[PDB]
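**Q** Got a structure here, written out as structure tokens. Questions coming.
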Amino acid sequence: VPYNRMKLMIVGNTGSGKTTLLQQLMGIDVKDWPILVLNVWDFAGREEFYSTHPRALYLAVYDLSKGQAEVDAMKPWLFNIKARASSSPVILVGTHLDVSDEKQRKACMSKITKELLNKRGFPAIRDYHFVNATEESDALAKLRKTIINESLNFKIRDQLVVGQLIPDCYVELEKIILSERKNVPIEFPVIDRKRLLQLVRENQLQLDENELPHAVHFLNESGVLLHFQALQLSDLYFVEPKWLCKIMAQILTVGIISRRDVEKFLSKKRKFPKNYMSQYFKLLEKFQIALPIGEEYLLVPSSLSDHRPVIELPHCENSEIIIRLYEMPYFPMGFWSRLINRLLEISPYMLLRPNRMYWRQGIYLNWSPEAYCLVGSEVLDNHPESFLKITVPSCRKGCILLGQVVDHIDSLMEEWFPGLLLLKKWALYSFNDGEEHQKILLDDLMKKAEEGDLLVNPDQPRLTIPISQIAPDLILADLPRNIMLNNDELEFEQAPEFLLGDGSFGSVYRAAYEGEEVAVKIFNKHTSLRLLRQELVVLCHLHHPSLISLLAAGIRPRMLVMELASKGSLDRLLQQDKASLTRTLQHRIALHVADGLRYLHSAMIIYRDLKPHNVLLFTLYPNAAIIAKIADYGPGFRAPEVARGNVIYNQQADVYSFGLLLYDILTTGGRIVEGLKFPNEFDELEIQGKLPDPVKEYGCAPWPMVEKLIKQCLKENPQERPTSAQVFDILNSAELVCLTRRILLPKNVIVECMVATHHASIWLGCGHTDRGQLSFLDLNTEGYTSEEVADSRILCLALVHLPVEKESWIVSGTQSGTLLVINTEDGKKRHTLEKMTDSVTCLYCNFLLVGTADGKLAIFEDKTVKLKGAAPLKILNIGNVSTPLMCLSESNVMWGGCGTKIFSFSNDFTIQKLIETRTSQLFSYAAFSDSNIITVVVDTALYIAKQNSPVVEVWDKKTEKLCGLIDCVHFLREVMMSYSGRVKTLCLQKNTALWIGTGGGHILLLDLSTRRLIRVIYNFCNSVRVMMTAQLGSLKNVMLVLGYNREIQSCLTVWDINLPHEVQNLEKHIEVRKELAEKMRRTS
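Counting from 1 along the sequence shown, just add 1 to a position and that's the residue number in the numbering used here.
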């Protein structure tokens, strides 16, 4: 709809009377003026808003009776206007003509015809008038006509350039919001409820990701409400303009003042939340009201004395100091307060606190007679131009100070006062102490710097000056010793065959430095020096192992010598050699990139460009201290948020990009990268966020943990995405590396036993129902079936393998005592062996050993079990009706548990010893010692776990003695009723790793050679049921951990058997790099 509102800006210097002018025509006095409704903002006072947060007409007003001096005073205003809205209309009105002779009128008339109306650099003043007085005038009648017609003309001009007129149509929903924001009654008008207000007005502009940002954008430009977009009080805090302006302006007037006393007053004036108060102070900085000095003080630039304090400097002879001048036509408004804010952090030691003094127009730092610094404004007669003077003592520390000062000045101007980049830079020098200084432009000194000569007096050769004394910042004399270029080491040709690449900065060549391969950036005639120094500022102070460091810089040919990667870009590797890209290598690359991001984010630097092209590899050797680095720190791969082209980049944009990198690493084919070849789908795909399952879609081997990390990372909402610090913490995990698969079982399925086929599937029992039900899991497809095969509940399964006969059978022992034997090659071949006198408690198998609940052990001949109703070879009575057999272990002598005794068998099945273990109660606790044995692990000692024990007993089988106890509670006691500490199962690996499962979702990794805790693996599931060691169909060894996850959920987790080693190796890797980070940062 045809929006008919436009802002009116009234500006001028203090004393003009322009407020009354407005009243006759009809911080800041804001009010509507229906004529066309103008939103009039009367900047009667010094409301920095015109620079601190800069469809409007600029009415400039000045007092004619003051004259031409005032006209010149308006140049900074005109500059600022052009600098933010060069296309905007400007009407210049002089006033108080009734007390100003026409001499002044025509003097000022000629003044503006000579210096403003036809002068570039000013925003082409559209018209002008002279007014007798604010009482009314024919001139004002004409002015009213001028303003109306010209504002119409302006919008016509916008249509010619922008494409919008004074009835330009804007989405009506935005118009509605304006009205909704108008209707707001809040005591402390800081708004967050806006989300609700959207919901109050039905739900308009529902594209929160696009329309909402546009509405907000409009609302600031239209002068309705204020976002403050890195402040905390920014996005969710829309504040009424009247309060922003009023309160901050008043507090200024309510010069060093302690923060706390300001807080005291403020708390009485307006009871802001202390959180808001911290932001309040940050806003005072942002809006140039007050600058932070120490953490307890504010400078308050405005109102500082403007009578440069008497300063006596040490050093007097010309050669003792260095002087630099900046010639300007006028200082921009706010130039000084911004400059001061930057200069306050200067320090010659950053590679005692200084006696600081403030002039408003200058800063004096003292430090020491050895090194001090004075920056301030000075003006000479017959030279209308104003200008800066910088003075430092001529020595290395003085140089360092100078470098920091001029870098801040140039950066200030590039960001805030472009257009000037005027700024005639002069250096002062003399050929003899006691004489006057001579001026020279730095450009000419640069011409001489290229020669490398001494400055020579053209009339007298005897008089020369080393350039460094005049301009030690043209020659890079302020570099750290560590990066000064040694010209006897650097070896390069600048020949075509060494060209590695180029850019707007010049070119890059391959070279040698101190015997190493390096890259040399050359600033080959591209506004050099300034670009060079900008790069030097960024490169220094960033010293992380994952970044490309600077290996010395040198002004003689203007070079940056940097580390050259030996294996090249990740991109190439992804499309060059998947064999190098092992699972181990991939993980390490992810860590190194994550560190770089964490570091740069803590350094307040947004990378904005992660991709395989920017990742460099320095060795493909998986176990190296440093493998990947991020290039050039300081396309179709964009976050969907920033892809809109209407928001601001931040760490969350980088995180999103990182997630995509990880996705690209996961699928080593670079399949989404291949998608780039069809960019119309590729860029949109990323925008949609609808990425395909990396496993299913590309045929990529499963990698859980990472898979969910990517999903967690790539969220639509920036506020829901993980921080880069968190991303790293997640990547920092042995579990991440070694977890390979996780299969959930169907809801309410309880498996009490497992048999993996050593040849890729698992036979599962089922204790959920009370019926003999046998299930089956296909690891190749995660397929699952199940059928009832017996009456009573299946207790134990065993695999009979007869490779000689080319067949195999599953033996199912159950509660009834029967043995159901089923051919694995033929489901129809089912038969039952001689029924046992009691239930089957365990199976082992060659002989099929059947341990029953009455302590009886049946031994069946290897092949005999094929026949239905077959009897065992022999039967032993080991225990009794109350002492069931529960474990037959063997690692050709058998060992096992019967009640509280440990038995052992010969190859003739004879008892070789009955070890009563109950006697261990002299140690530990009798209710733990006196309990049925659950499992026996046979190594160089026996490891016994008993039912409901928290302690594992270690026995010396050679002497039958207790040799130690393992307290599981203790280990988890160190870890900060899920902590039952009950031992569930024991598994043993011959590399000394001992795997102990427990009641809660924890797995302890112990070191058999020292009996020490390697690591606690936890938050696995609700409870661990069984653990198996099994070789997969790809010959990999893994742990099969079956657990409960009560909603009776249960699941199978597959771990890479080398977990114990990965835990230790990863830890080492990280610590080494941690030390290197400190090494680098400390050198500086």
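Just so you know, even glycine gets a beta-carbon here, dropped at the ideal spot from N, CA and C.
What separation, rounded to the nearest whole angstrom, lies between the Cα atoms of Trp1056 and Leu574?
**A** Position 1055 of the sequence shown, counted from the start, is the residue given in the question as residue 1056. Position 573 of the sequence shown, counted from the start, is the residue given in the question as residue 574. Computed Cα separation, rounded: 28 angstroms.
**Q** Using DSSP's beta-bridge definition, name the partner residues of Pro3.
**A** Here residue 3 corresponds to residue number 2 of the sequence shown, with the count starting at 1. Answer is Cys170.
**Q** Go through the segment 515 to 555 residue by residue and report every complete run of the alpha helix (DSSP H) that reaches 4 residues or more, in order.
**A** Within the segment 515 to 555, the complete alpha helix (DSSP H) runs of at least 4 residues are 531 to 540.
**Q** Can you check the segment 56 to 120 for any beta strand (DSSP E) of at least 3 residues that lies completely inside it and give the ranges in chain order?
**A** Runs found: 57 to 64 and 91 to 96.
**Q** Among residues of its own chain, excluding the 5 on either side of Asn651, which ones have a beta-carbon nearer than 8 angstroms to its beta-carbon?
**A** Along the sequence shown, read from residue 1 onward, the residue named residue 651 stands at position 650. For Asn651, where only same-chain residues beyond five positions count, the Cβ hits under 8 angstroms are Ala231, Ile607 and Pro719.
**Q** How long is the line joining the alpha carbons of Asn781 and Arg672, rounded to whole angstroms?
**A** Position 780 of the sequence shown, counted from the start, is the residue given in the question as residue 781. Position 671 of the sequence shown, counted from the start, is the residue given in the question as residue 672. For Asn781 and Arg672, the distance between alpha carbons rounds to 23 angstroms.
**Q** Is it buried or exposed for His593, if we count other Cβ within 10 angstroms and need 16 for buried?
**A** Start at 1 with the first residue of the sequence shown, and residue 593 comes out as number 592. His593 is buried by the Cβ-count criterion.
**Q** DSSP has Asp33 in a bridge; who is on the other side?
**A** Within the sequence shown, the letter at position 32 stands for residue 33. In the DSSP output, where bridge partners are listed per residue, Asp33 has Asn40.
**Q** From this set, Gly363, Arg343 and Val163, which residue's C-alpha is nearest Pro310's C-alpha?
**A** Counted from its first residue, the sequence shown places residue 310 at position 309. Ranking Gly363, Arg343 and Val163 by Cα distance to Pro310 puts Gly363 first.
**Q** Please report the straight-line C-alpha distance between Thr842 and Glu1079, rounded to a whole angstrom.
**A** On the sequence shown, position 841 is the one that residue 842 refers to. On the sequence shown, position 1078 is the one that residue 1079 refers to. Rounded to whole angstroms, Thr842 to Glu1079 spans 59 angstroms at the Cα level.
**Q** Can we say the segment 78 to 91 touches the segment 329 to 344, given the rule of at least three CB pairs closer than 8 angstroms?
**A** Judged by Cβ distances under 8 angstroms, the segment 78 to 91 makes contact with the segment 329 to 344, as three or more pairs qualify.
**Q** Considering only the beta carbon of each residue, do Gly814 and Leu844 sit closer than 8 angstroms?
**A** The residue given as residue 814 occupies position 813 in the sequence shown. The residue given as residue 844 occupies position 843 in the sequence shown. For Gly814 and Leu844, yes; Cβs fall inside 8 angstroms.
**Q** Over the uninterrupted alpha helix (DSSP H) stretch that includes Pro951, give me the two end residues.
**A** Taking the sequence shown and counting its residues from 1, the one referred to as residue 951 is at position 950. Element bounds for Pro951: n/a, residue is neither H nor E.
**Q** Tell me, please, whether the segment 179 to 188 touches the segment 218 to 226 by the rule of three or more beta-carbon pairs shorter than 8 angstroms.
**A** Yes, they touch.
**Q** Can you find the residues in the same chain that come closer than 6 angstroms, C-beta to C-beta, to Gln205, ignoring five residues on each side of it along the sequence?
**A** On the sequence shown, residue 205 is found 204 positions in, with the first residue counted as 1. Closer than 6 angstroms at Cβ, skipping near neighbours: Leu174.
**Q** By alpha-carbon positions, which one of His1003, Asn733 and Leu345 ends up nearest to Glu1072?
**A** For the purposes of this step, residue 1072 is taken as the residue at position 1071 of the sequence shown. Of the candidates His1003, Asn733 and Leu345, the one whose C-alpha sits nearest the C-alpha of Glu1072 is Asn733.
**Q** Helix, strand or coil for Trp896, going by three-state DSSP, please let me know.
**A** Position 895 of the sequence shown, counting from 1, holds the residue named residue 896. The answer is strand: DSSP assigns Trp896 an E or B state.
**Q** Only counting the same chain, and skipping five residues up and downstream in sequence, which positions put a Cβ closer than 7 angstroms to that of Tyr980?
**A** Taking the first residue of the sequence shown as position 1, residue 980 is located at position 979. Taken in chain order, the residues that qualify are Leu973 and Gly1001.
**Q** Whose C-beta lies closer than 7 angstroms to the C-beta of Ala591 among residues of the same chain, with five residues either side of it excluded?
**A** Residue 591 sits at position 590 when you count from the first residue of the sequence shown. Cβ within range, chain order: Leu663, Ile666 and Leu732.
**Q** In the DSSP assignment, find the alpha helix (DSSP H) that holds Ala928 and state where it starts and stops.
**A** Translated into the one-based positions of the sequence shown, residue 928 becomes position 927. Counting along the chain, the alpha helix (DSSP H) containing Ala928 begins and ends at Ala927 to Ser930.
**Q** Any heavy atom of the ligand COA closer than 7 angstroms to the beta-carbon of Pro3?
**A** No copy of the ligand COA appears in this structure; indeed no ligand is present at all.
**Q** What is the DSSP secondary structure of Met329, counted as helix, strand or coil?
**A** Indexing the sequence shown from 1 puts residue 329 at position 328. Note: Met329 maps to strand in three-state DSSP.
**Q** Along the chain, which unbroken stretches of the beta strand (DSSP E) at least 3 residues long are found entirely within the segment 1035 to 1071?
**A** If we require 3 residues or more, the beta strand (DSSP E) runs fully inside the segment 1035 to 1071 come out as 1038 to 1045 and 1051 to 1057.
**Q** How would you write the range of the beta strand (DSSP E) that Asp792 sits in, first residue to last?
**A** In the sequence shown, the residue the question calls residue 792 occupies position 791. Taken as a continuous stretch (DSSP letters only), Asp792 belongs to no beta strand (DSSP E), as it is neither H nor E.
**Q** With a CB to CB cut of under 6 angstroms and the five nearest residues on each side skipped, what residues in its chain are close to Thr585?
**A** Translated into the one-based positions of the sequence shown, residue 585 becomes position 584. For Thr585, where only same-chain residues beyond five positions count, the Cβ hits under 6 angstroms are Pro623.
**Q** State the beta-bridge partners of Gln1032 as determined by DSSP.
**A** By one-based count along the sequence shown, residue 1032 stands at place 1031. Answer is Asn1038, bridged to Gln1032.
**Q** Can you say whether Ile148 is buried or exposed, counting buried as having 16 or more other CB atoms within 10 angstroms of its CB?
**A** Here residue 148 refers to the residue found at position 147 of the sequence shown. When all chains shown are included, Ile148 counts as buried.
**Q** Pick out the complete alpha helix (DSSP H) segments inside the segment 177 to 209, 4 residues or longer, and give them in chain order.
**A** Here the runs fully enclosed are 195 to 201.
**Q** Nearest to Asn211 by CA position, among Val752, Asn647, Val519 and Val937, is which residue?
**A** As a working mapping, residue 211 is identified with position 210 in the sequence shown. The shortest Cα separation from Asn211 among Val752, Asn647, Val519 and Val937 belongs to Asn647.
**Q** Run the CB neighbour count on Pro747, radius 10 Å, all protein chains shown included, and call it buried at 16 or more, exposed below.
**A** Taking the sequence shown and counting its residues from 1, one reaches residue 747 at position 746. Burial call: exposed.
**Q** For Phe619 versus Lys630, is the C-beta distance shorter than 8 angstroms?
**A** In the sequence shown, the residue the question calls residue 619 occupies position 618. In the sequence shown, the residue the question calls residue 630 occupies position 629. Taking 8 angstroms as the Cβ cut-off, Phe619 and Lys630 qualify as a contacting pair.
**Q** Measuring CB atoms only, is the segment 548 to 562 touching the segment 476 to 485, in the sense that at least three cross pairs come out at less than 8 angstroms?
**A** A contact exists between the segment 548 to 562 and the segment 476 to 485.
**Q** Report buried or exposed for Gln439, applying the criterion of at least 16 other Cβ atoms within 10 angstroms of its Cβ.
**A** What you label residue 439 is simply residue 438 of the sequence shown in a count that begins at 1. Classification of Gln439: exposed, given that the 10 Å Cβ count is below 16.
**Q** How about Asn319 and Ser235: are their beta carbons less than 8 angstroms apart?
**A** Walking along the sequence shown from the start, residue 319 turns up at place 318. Walking along the sequence shown from the start, residue 235 turns up at place 234. Not a contact, by the Cβ cut-off of 8 angstroms.
**Q** When DSSP builds the beta bridges, which residues end up paired with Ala799?
**A** Here residue 799 refers to the residue found at position 798 of the sequence shown. Note: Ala799 sits in a beta bridge opposite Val812.
**Q** If you count every other CB in all the chains shown that lies within 10 Å of the CB of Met977, and 16 or more means buried, which is it?
**A** Counting from one through the sequence shown, the residue named residue 977 turns up at place 976. Exposed, since its Cβ has fewer than 16 Cβ neighbours within 10 Å.
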